[PDB]
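Okay, so here's the structure we're looking at.
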Amino acid sequence: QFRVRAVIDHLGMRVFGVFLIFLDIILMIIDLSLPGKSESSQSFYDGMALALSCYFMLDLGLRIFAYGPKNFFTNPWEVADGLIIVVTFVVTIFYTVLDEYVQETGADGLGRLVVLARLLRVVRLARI
Amino acid sequence: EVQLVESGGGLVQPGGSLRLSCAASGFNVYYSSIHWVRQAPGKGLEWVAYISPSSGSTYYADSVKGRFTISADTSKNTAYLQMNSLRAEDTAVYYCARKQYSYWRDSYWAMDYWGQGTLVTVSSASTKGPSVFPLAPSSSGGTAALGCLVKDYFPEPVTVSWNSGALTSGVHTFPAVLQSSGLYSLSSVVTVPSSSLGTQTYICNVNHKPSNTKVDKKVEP
Amino acid sequence: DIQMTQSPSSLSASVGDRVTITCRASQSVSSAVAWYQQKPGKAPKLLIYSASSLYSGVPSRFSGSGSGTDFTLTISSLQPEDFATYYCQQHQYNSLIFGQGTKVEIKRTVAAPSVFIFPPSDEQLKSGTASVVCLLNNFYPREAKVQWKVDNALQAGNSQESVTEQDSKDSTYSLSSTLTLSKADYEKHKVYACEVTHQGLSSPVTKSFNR
């Protein structure tokens, strides 16, 4: 039930969670600030870019089972946010893992829109 | 334990069709990716076709686009390449090769395991079995050189062994040349100590599978 | 359309030399480049993938180095069994492009051919044509010349040469010259000789027969 909720919503975990929201944008910024780096170097940058995109999917998976799935429906500040996490996770899992995609798109802006949508998270955490 | 055994190649009239079968062993094709890469006689490597039954996408080279159709059957674990409207330029040796998928950003995978390579000849020149003429060692001594001559056959190739594969030491079977006439012709030589002449029987074993000809010729002085 | 320029076209080097084949790309194309070795008649086999990563079974002497757009296959200690052709390739499907190819030849000590002459068999003479064969056995280098002379008459335009691929035990070539005539023309002459000029020979060597 809500036994794990006593552990997760602890204020020592949420500071770490938002710390990760900042860390992700740090690493992703050092990534695009170093165009043309080592091949193994563009591996752990994308390593974290996926690792920190799976953490926010597990965190959003725990804020439904131990928080109530009906608290999100009438909450527009949690629908758009979960939608952003899903979109980011899908586009990241494509860009990193699933390179089977070799169909035309004219270089899709989704690799950009997701980098942009990772700012909106920080935007909404300065509004709460 | 991983093998790509291919077949189907042969002689075929220009404009006609022919299918190549690349059978896989020791892996599931449904997950990896199979290519066709051919090589014209005395020429470089040319990538031709691609398939992955995973995604289902297929790509072709420009010189075969619209004529070639690379399929795959995951039931028998075999990739197929249908070659239609064959031109004379398509005359090459066709290899099939596997390349498994990379899920990183380095693409640290290449075409590790290749096929055996099958010969596809596109011509109107008729099939013709070879004739063999013994290159007889003439003027105990030093080391005597004998051989036999596989002459006037089409199409390639011929496999030529000695003493049913017994004698293999110092045997040179030269590459076939295409005669002005339009038929291929090669010669298989072997050196042996003169002491062994007459007392050791030498036979060259010629096999020309295209024409279903097989001849074992005894070379004596 | 990525241009893969593989230089040099061909190279010759003694046993144990440091061979360095270079494959230049038309633009920036990452570092997902392969190196294949193909021995004549056989299927191409992988040596290097991702331009620097060694494959299993491949000897220590084979190394990959990528610099700029130029990728480099390097053999530290060349072996006589390294006689092959070498190709550079690319990864990520539907964009894989092969290179021109580099032919690697083993340099070694000079060796004079063993010349042998073969008169046409009776079995062939029955057919209507005769074929005189001139065998050059195990020599070096490949630069050998064979002239045909029927009764001192230099035949030209009626003979075909063929040279084996360099041996993988001693790195020596073997040549075969086929002189094809009509039965009638074969009967009309006596002395048939093939004359071999080669570096390993201090003087042109001629082998002849009769009838």
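As shown in the structure tokens, the chain order sets the letters A, B, ...; within each chain, residues go from 1, and ligands are also counted from 1 in the order they appear.
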
Interface, chain B side, toward chain C (6 Å; only C-alpha atoms) as JSON, numbers by chain
{"B": [108, 110, 112, 174]}

Any chance you can output those residues with C-alpha atoms as a compact mmCIF listing (two decimals), in the first residue's frame?
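That gives us result16.txt:
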# COMPACT_ATOMS: atom_id res chain seq x y z
CA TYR B 108 30.92 -1.37 -32.39
CA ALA B 110 30.97 -5.36 -38.13
CA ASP B 112 32.22 -10.95 -38.58
CA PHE B 174 47.19 -22.32 -62.05

Please determine the contact residues of chain B with respect to chain A at a cut-off of 12 Å, counting only C-alpha atoms, and supply them as a list in words.
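Close enough to count are residues 31, 32, 33, 51, 52, 53, 54, 55, 56, 57, 58, 59, 100, 101, 102, 103, 104, 105, 106, 107 and 108 of chain B.
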
Quick one: everything within 8 Å of residue 87 (chain B), counting only C-alpha atoms, minus sequence neighbours fewer than 4 positions away in the same chain. Send it as a list in words.
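Counting only the stated atoms, we get residues 14, 15, 91 and 122 of chain B.
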
Would you compute the distance between CA of residue 150 (chain B) and CA of residue 130 (chain B)? Give it in Å to one decimal.
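Separation between CA of residue 150 (chain B) and CA of residue 130 (chain B): 6.0 Å.
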
Taking into account only C-alpha atoms, which residue in the set C:9, C:38, C:59, C:68 is nearest to chain A?
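The shortest atom-to-atom distance to chain A comes from C:68.
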
Just give me the gap between CA of residue 143 (chain B) and CA of residue 193 (chain B) in Å, one decimal is fine.
4.3 Å

DSSP on the backbone, strand (DSSP E or B) only: what residues of region 8-127 of chain C does that give? Format it as a VMD selection string.
chain C and resid 10 to 14 19 to 25 33 to 38 45 to 49 53 to 54 62 to 67 70 to 75 84 to 90 102 to 107 111 114 to 118

Just want the 8 Å neighbourhood of residue 204 (chain B), counted on only C-alpha atoms, with same-chain residues fewer than 4 positions away dropped. Output as a ChimeraX atom specification.
/B:147-148,160-164,188,216-219

Keeping only N, CA, C and O atoms, write those residues as an mmCIF file, in the first residue's frame.
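Result written to out01.cif:
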data_model
loop_
_atom_site.group_PDB
_atom_site.id
_atom_site.type_symbol
_atom_site.label_atom_id
_atom_site.label_comp_id
_atom_site.auth_asym_id
_atom_site.auth_seq_id
_atom_site.Cartn_x
_atom_site.Cartn_y
_atom_site.Cartn_z
ATOM 1 N N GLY B 147 52.295 -32.895 -64.919
ATOM 2 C CA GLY B 147 50.982 -32.300 -64.668
ATOM 3 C C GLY B 147 49.932 -32.779 -65.652
ATOM 4 O O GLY B 147 50.158 -33.738 -66.393
ATOM 5 N N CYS B 148 48.778 -32.116 -65.655
ATOM 6 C CA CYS B 148 47.778 -32.323 -66.701
ATOM 7 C C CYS B 148 47.060 -31.035 -67.078
ATOM 8 O O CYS B 148 46.992 -30.091 -66.282
ATOM 9 N N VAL B 160 40.672 -29.514 -59.306
ATOM 10 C CA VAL B 160 41.672 -30.487 -59.736
ATOM 11 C C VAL B 160 42.573 -30.940 -58.590
ATOM 12 O O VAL B 160 43.410 -30.175 -58.108
ATOM 13 N N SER B 161 42.430 -32.208 -58.205
ATOM 14 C CA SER B 161 43.239 -32.798 -57.140
ATOM 15 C C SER B 161 44.158 -33.884 -57.694
ATOM 16 O O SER B 161 44.043 -34.271 -58.859
ATOM 17 N N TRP B 162 45.037 -34.403 -56.840
ATOM 18 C CA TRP B 162 46.006 -35.409 -57.261
ATOM 19 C C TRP B 162 45.933 -36.643 -56.414
ATOM 20 O O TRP B 162 45.892 -36.569 -55.183
ATOM 21 N N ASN B 163 45.958 -37.799 -57.069
ATOM 22 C CA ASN B 163 45.857 -39.077 -56.374
ATOM 23 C C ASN B 163 44.717 -39.083 -55.368
ATOM 24 O O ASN B 163 44.895 -39.486 -54.221
ATOM 25 N N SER B 164 43.558 -38.594 -55.792
ATOM 26 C CA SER B 164 42.380 -38.575 -54.934
ATOM 27 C C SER B 164 42.664 -37.822 -53.639
ATOM 28 O O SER B 164 42.112 -38.147 -52.587
ATOM 29 N N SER B 188 47.187 -28.125 -64.205
ATOM 30 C CA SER B 188 47.644 -28.447 -62.858
ATOM 31 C C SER B 188 48.978 -29.182 -62.877
ATOM 32 O O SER B 188 49.063 -30.321 -63.340
ATOM 33 N N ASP B 216 39.493 -38.681 -64.234
ATOM 34 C CA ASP B 216 40.748 -38.918 -63.518
ATOM 35 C C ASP B 216 41.833 -39.458 -64.447
ATOM 36 O O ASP B 216 41.799 -40.620 -64.847
ATOM 37 N N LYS B 217 42.803 -38.610 -64.773
ATOM 38 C CA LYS B 217 43.756 -38.911 -65.836
ATOM 39 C C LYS B 217 45.091 -39.331 -65.249
ATOM 40 O O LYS B 217 45.627 -38.662 -64.365
ATOM 41 N N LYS B 218 45.636 -40.432 -65.760
ATOM 42 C CA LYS B 218 46.924 -40.933 -65.298
ATOM 43 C C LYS B 218 48.078 -40.336 -66.094
ATOM 44 O O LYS B 218 48.166 -40.520 -67.310
ATOM 45 N N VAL B 219 48.987 -39.667 -65.393
ATOM 46 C CA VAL B 219 50.155 -39.069 -66.030
ATOM 47 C C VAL B 219 51.381 -39.965 -65.896
ATOM 48 O O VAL B 219 51.854 -40.230 -64.788
#

Compile the contact shell of residue 118 (chain A) as a CSV table (one decimal) with C-alpha atoms, in the first residue's frame: residues with an atom at most 8 Å away, counting only C-alpha atoms, same-chain residues fewer than 4 positions apart removed.
chain,number,residue,atom,x,y,z
A,25,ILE,CA,21.0,19.3,-17.5
A,88,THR,CA,11.5,12.3,-22.9
A,114,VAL,CA,13.1,16.8,-25.5
A,122,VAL,CA,12.9,23.0,-13.7

Which residue, C:67, C:60, C:5, C:10, has the smallest gap to chain A when you use only C-alpha atoms?
C:67

What does the distance between CA of residue 51 (chain A) and CA of residue 12 (chain A) come to in Å, to one decimal place?
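Interatomic distance, CA of residue 51 (chain A) to CA of residue 12 (chain A): 20.2 Å.
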
Looking at A:121, A:37, A:14, A:3, which one is nearest to chain C, with distances taken over only C-alpha atoms?
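Between A:121, A:37, A:14, A:3, the residue approaching chain C most closely is A:37.
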
For region 182-189 of chain C, please output as a list in words all residues within 9 Å (counting only C-alpha atoms; exclusion window: fewer than 3 positions along the same chain).
residues 125, 126, 127, 128, 129, 130, 131, 150, 151, 192, 210 and 211 of chain C

Quick one: residues within 7 Å of residue 159 (chain B), only C-alpha atoms counted, chain neighbours fewer than 5 positions away excluded, as a ChimeraX atom specification?
/B:206-208

For the residues selected in the previous step, produce a file with N, CA and C atoms as a PDB file, in the first residue's frame.
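Result file is again_0.pdb:
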ATOM      1  N   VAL B 206      40.097 -34.443 -62.134  1.00  0.00           N
ATOM      2  CA  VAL B 206      39.427 -33.245 -62.608  1.00  0.00           C
ATOM      3  C   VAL B 206      37.924 -33.373 -62.394  1.00  0.00           C
ATOM      4  N   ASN B 207      37.322 -32.310 -61.872  1.00  0.00           N
ATOM      5  CA  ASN B 207      35.879 -32.261 -61.716  1.00  0.00           C
ATOM      6  C   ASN B 207      35.276 -30.936 -62.143  1.00  0.00           C
ATOM      7  N   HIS B 208      34.378 -30.995 -63.121  1.00  0.00           N
ATOM      8  CA  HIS B 208      33.711 -29.805 -63.633  1.00  0.00           C
ATOM      9  C   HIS B 208      32.233 -29.930 -63.445  1.00  0.00           C
TER      10      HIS B 208
END

Could you check which of C:141, C:66, C:57, C:16 is closest to chain A, using only C-alpha atoms?
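Going through C:141, C:66, C:57, C:16 one by one, the smallest distance to chain A is for C:66.
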
Using only C-alpha atoms, which of A:72, A:109, A:7, A:36 sits nearest chain C?
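For chain C, the nearest of the candidates is A:36.
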
Which of these, C:194, C:29, C:23, C:58, has the shortest distance to chain A once you count only C-alpha atoms?
C:29
